[PDB]
Amino acid sequence: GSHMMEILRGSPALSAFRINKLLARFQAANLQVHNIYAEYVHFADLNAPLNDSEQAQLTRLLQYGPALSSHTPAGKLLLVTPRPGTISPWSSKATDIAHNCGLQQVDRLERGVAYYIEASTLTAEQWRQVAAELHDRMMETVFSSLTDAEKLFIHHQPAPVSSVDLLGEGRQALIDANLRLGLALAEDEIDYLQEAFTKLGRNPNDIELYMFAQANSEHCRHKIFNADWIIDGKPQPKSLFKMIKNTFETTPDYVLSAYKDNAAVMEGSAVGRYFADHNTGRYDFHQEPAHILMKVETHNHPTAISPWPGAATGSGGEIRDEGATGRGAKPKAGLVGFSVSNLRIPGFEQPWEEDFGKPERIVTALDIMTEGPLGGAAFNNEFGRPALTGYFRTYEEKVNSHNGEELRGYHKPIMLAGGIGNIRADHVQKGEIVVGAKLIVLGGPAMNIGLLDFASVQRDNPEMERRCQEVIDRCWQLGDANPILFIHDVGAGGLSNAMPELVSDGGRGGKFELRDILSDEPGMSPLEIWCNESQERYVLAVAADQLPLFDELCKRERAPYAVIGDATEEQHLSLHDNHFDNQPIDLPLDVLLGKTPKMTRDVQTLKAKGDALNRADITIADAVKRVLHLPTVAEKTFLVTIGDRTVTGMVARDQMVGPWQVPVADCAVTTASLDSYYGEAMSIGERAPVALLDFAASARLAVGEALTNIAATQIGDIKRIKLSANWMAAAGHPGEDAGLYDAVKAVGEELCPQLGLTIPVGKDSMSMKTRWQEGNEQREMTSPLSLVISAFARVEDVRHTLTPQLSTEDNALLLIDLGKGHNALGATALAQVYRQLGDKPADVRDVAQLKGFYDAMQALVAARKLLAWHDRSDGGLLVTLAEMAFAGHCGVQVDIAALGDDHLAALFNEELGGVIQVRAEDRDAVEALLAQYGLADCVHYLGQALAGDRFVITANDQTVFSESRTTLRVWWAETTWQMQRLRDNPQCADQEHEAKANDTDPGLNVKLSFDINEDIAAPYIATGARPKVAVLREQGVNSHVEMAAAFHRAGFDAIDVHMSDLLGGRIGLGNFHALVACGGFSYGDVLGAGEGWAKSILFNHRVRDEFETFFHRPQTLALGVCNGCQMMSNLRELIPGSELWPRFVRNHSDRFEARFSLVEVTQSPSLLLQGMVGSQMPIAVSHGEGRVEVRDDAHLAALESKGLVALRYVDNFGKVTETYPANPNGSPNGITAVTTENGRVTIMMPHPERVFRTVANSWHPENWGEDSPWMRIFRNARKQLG
Ligand SMILES: Nc1ncnc2c1ncn2[C@@H]1O[C@H](COP(=O)(O)OP(=O)(O)O)[C@@H](O)[C@H]1O
Ligand SMILES: [Cl-]
Ligand SMILES: [Cl-]
Ligand SMILES: [Mg+2]
Ligand SMILES: [Mg+2]
Ligand SMILES: [Mg+2]
């Protein structure tokens, strides 16, 4: 009706490398395309007119991104847009910016990509193939006109509820609905529904059946995990779930919550929890217990269909699980896992890989590993949690396993996302839901999502979830006045699961109004509103008298919320519809949550034969090369540098280790607070291919490896370590059900209670198989049983963590071989890379000795007797030693004669254990310590790390294997090289790869022009006079807490200043002498990073004036970091002395870069870098749009001549660099900070505030104390103010 759509043209959309890729793709499909050009195009659906000033504002909002060369359009237009009926996340954010800039006339903004294709005459046939290359069929459509985008904004009238005519047709009505709605109901569930509605005397509504079906799936009831079993004809006494709970019955130690919430909780440490007070707005430390929550989800089916959103919402859903623990809690750090079939990277096929086909309807393993990590990282980056540990396994082979010869793999992948958080002691327990409590949906509007498998295409808006987390944080930060009585995440089933679960958990019923739920799709039916799986939502209960407070909190964060119902004493569920004046749902809860009896699974053991490894084509040298090329083993950088590892300022140990930043850390460690050396650790263990031979061994190894990956961290009591067990299986596949029972028993009833390990959380995914028609033949690809164990623990001292970085001081390398010389080769990387399974796999060989291992390591860690540790896992001792030599950038000389005559088995078995490095003078003491724990016969002196490039393995006087360590390290890098090369700018991928081949690279290294231990602010702090700093944040910012903390340590009173506070008058910048614009992803970077934030200031004349006035005062200081640097660069019209500043645009890599980068401080006016000029030291970088862009060389030369460049990326050799990733973003002349003429304003891309604490620097010199060099910036600001 009365809307009108405006078209606004945008910038050129693809860089020269992406255009070439497209042209090459067209060439290789024999489509004669001579040229292709693309522009972004924007569509504004308007509800009232724009005046000229508004219109110019909207046009300006929509000019963003890198200044790529524009061209006059020519050839055939193909416009790609989101498909009609969908709203992109880009839309949600861009429209929020328009609204925050005072353009309420904009109902919605949407974007497309206009492609202009010049081709020979192409059949309509071939035009469709061109169009297919240019869009994602699961999310987008192609139009032939710009005006066709009107279809994206059509207003549809609400669809009414539909009843299913049980009373008029009998059981057939329920049968028909089952089919037509895809309810997947069993016979006995159809019976139950028939009887329930017969008793009620009325026809069920569609919404009620849908809801019921969502509540009664195998999964939502966990029928398998609660089933009775009979195994080989004997009834078993416990369900799988009871056997897991056995670990809690045996070891309840330190557990605060298990099996009754959205996450498990264990005891943490008493530390200073740092946040801004509700009454003052000032950041302060609050000394109190910070207890530790933990959870791990999977998202396997959606990732097979659309991997980017599948992975993104796997992380997003898990983050809501965390925030909705107890009465509200705070995510801290994440972990990520993938298992896929063989990559078969074009031009880099490996000799074990065979193409077995796949279903047409799923994506490939390569597409999952291309798009899926980017999705997981998009959510973690934009929400703001660091991703600090993970796994990635490839497996796809035709093997003689439990059910004979068949294809085993991961066409349906594992996509795993988990994390830890912190929680207050008084919020661990869910509160009572008082009768009459208000029932609220916190979060995003509902769309028709989760209802070609379009129903499995998810959608992520992380910035929305950050806004909600800020509200959750405000609530828990009120302590006793936290108004959240009860909270739950919204996930599977949408509100139709979440609301009834919330009321039911509190022993209440609810009454709801459909029309009070926020919706962005007015066409939706009641079923679609109630049951859709739209993201970034939470449900909670609050007392009516707390609404004004909750409203204030949400409005300050710009977090949408709706009060949608009231908790009732009666245990009934009612949903009313004010629009249709009727009652879509009217049910007793016991009807809905009544569910018929348990399952019995009556099953049989199948055990694989086992075939000795045929070693005809195997040599040691060839094996080394192959194994280094297995993705499971190979360097993981493509999965690591795409995800932030520094947000919060609490990351102590990330994946990257040492001066050469080699991703081999065995576990993650965070600090518990910004004022403590207590912390938390996370590790993973998994060994699925072993399950093709021995189900229970595979489970024991997952537990064992979690422990060996965590063991060189200072924990103490093994009972401190708590596990998530995520069970992936093809239930019903022959042999798999008995295997599953045996595996759960092996860990739940046996190994975990014996070791003293609790499993207080877990999940299950029980249809891990794919079937399709290939020739005329039915084909199937079935996963091994795949247990993933994640281990979580309180850490006693983060400073004492060891890594695989070898020292070349005089040393001894000692193998701890928990295999006890079994040296198994079955189901190893070695076997896999020669297309075999082998005979007998590794296993836990001696439970006492595994515990003894852990205890001995804990003793050695606490006594500081270890130089390094690296455990043995995929690729064996060979890979353990190789990875240590890579991390230490050195050689090894080791002898293996004591490990058996079979050198292949000694080097490549994947038995538990690993290598410790000790000082030579400590070898005897360490061996005696290990002997005290019962390990003497498992312990073997191997030799030593030596300076240089030789990787040497001997056995008596024979050389078993010898090769350049650089050669091995480059082979090991080739997979990440190839993935980066196909996914990112290939020039950057090549530069990064090639740098690894230069052994003379000295690694990160420091030069200091000042005393980093000299607190120049101390005389000021000692007065007790603390100037304020405005810690400025906009919606989506994430790095404000640690920014506050850095200024706090330098003597400031850090004030939380939201952009909403400046709009509402609750703060005025006239009361401040210092302001800092913080990092993150304001508005998700939509409309260009920092742009929405800056233009919200520029387009509100009052706030614009406020900023201009602050910056023109003679003594004020300002700092902009990351998103803040971008924001300040985007309103330089307000900042004196800033006329030569550049813009900050998409990195040359075309990828987010989370790096620990070397920079030098350069001479400039900057008052914040006084005393530091000439210093060189690393700094945290975490950005996608950090590349300095200038208008032309005139501009660059002027900026440089003016002397305003304050930081530059250098290589490890100390030279100013544009080579990647030493310069991570492509900025000319390495530029990454600039200042104004007077030196009072400085802006920079890297994050000094994330690394002001030495313990939070991924690598640093051993002689540093608590302060890193970057503390000096904050101290300089304090001293300058005087
Ligand atoms: N999917 C992933 N996402 C992020 N980090 C990962 C991922 N997979 C592996 N990593 C990290 O890369 C490094 C090497 O991984 P891997 O060799 O699987 O570990 P390990 O063999 O010690 O179990 C580790 O620091 C690990 O946390
Ligand atoms: Cl499925
Ligand atoms: Cl070092
Ligand atoms: Mg490994
Ligand atoms: Mg390891
Ligand atoms: Mg592992």
Side-chain angles (χ1 to χ4, degrees), residues 269 292 294 332-336 380 385-391 418-420 636-637 639-641 643-674 676-685 706-716 720-721 790-807 857-858 860-862 864 866-871 883-884 886-888 914 916-917 1004 1042 1154-1156 1178 1180 1182 1250-1251 1253-1261 1264 1266 1268:
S269 301
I292 310 158
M294 71 219 77
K332 189 180 297 186
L335 59 84
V336 185
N380 284 338
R385 70 170 181 184
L388 302 178
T389 194
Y391 90 92
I420 54 170
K636 297 311 187 296
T637 310
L639 298 171
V640 174
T641 61
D644 191 297
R645 299 184 316 281
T646 56
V647 68
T648 73
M650 290 188 268
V651 180
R653 174 68 286 117
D654 71 308
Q655 300 90 317
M656 311 293 256
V657 162
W660 297 268
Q661 291 284 103
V662 176
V664 293
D666 286 312
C667 72
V669 180
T670 46
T671 65
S673 69
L674 297 158
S676 185
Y677 302 129
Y678 288 148
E680 304 96 7
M682 306 180 291
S683 70
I684 293 160
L707 195 65
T708 62
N709 262 336
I710 217 169
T713 85
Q714 190 169 349
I715 295 162
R720 281 282 188 183
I721 299 169
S790 304
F792 305 98
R794 172 194 183 274
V795 168
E796 175 69 34
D797 192 341
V798 303
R799 296 173 301 175
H800 295 162
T801 296
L802 291 322
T803 74
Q805 181 190 167
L806 295 174
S807 181
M857 289 295 288
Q858 293 297 301
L860 291 164
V861 171
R864 312 290 274 136
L866 302 181
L867 292 175
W869 168 246
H870 196 208
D871 73 324
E883 287 174 353
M884 293 179 100
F886 304 159
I916 54 172
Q917 190 183 223
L1004 297 171
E1042 62 264 32
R1155 302 287 186 160
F1156 192 56
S1182 215
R1250 291 182 181 184
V1251 290
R1253 299 191 80 201
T1254 291
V1255 293
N1257 278 249
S1258 176
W1259 170 80
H1260 58 80
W1264 291 4
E1266 165 76 19
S1268 93

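The basis for the numbers below is simple: all heavy atoms, side chains too, and nothing from hydrogens, waters or symmetry mates. The chain is numbered in sequence order, starting from 1.
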Please examine the side chains of [Y] and [X], heavy atoms only from C-beta on, and report whether any two atoms are closer than 4.5 Å.
X: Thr670; Y: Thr648; value: no
X: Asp666; Y: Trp869; value: yes
X: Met650; Y: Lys332; value: yes
X: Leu866; Y: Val861; value: yes
X: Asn380; Y: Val336; value: yes
X: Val662; Y: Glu883; value: no
X: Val1251; Y: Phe1156; value: yes

For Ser269 and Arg794, does a side-chain donor sit closer than 3.5 Å to a side-chain acceptor?
yes

Compare every heavy atom of [Y] with every heavy atom of [X], then report the nearest pair and how far apart it is.
X: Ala681; Y: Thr713; answer: CB-OG1, 4.4 Å
X: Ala887; Y: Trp660; answer: O-CE3, 3.8 Å
X: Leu1004; Y: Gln661; answer: CD1-CG, 4.0 Å
X: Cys667; Y: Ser683; answer: CB-CB, 4.0 Å
X: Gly649; Y: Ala1256; answer: O-CB, 3.8 Å

Considering residues, nucleotides and ligands other than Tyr678, do more than 12 of their heavy atoms fall under 6.0 Å from its OH?
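Not more than 12 within 6.0 Å, no.
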
N/O donor-acceptor pair under 3.5 Å between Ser1258 side chain and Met656 backbone
yes

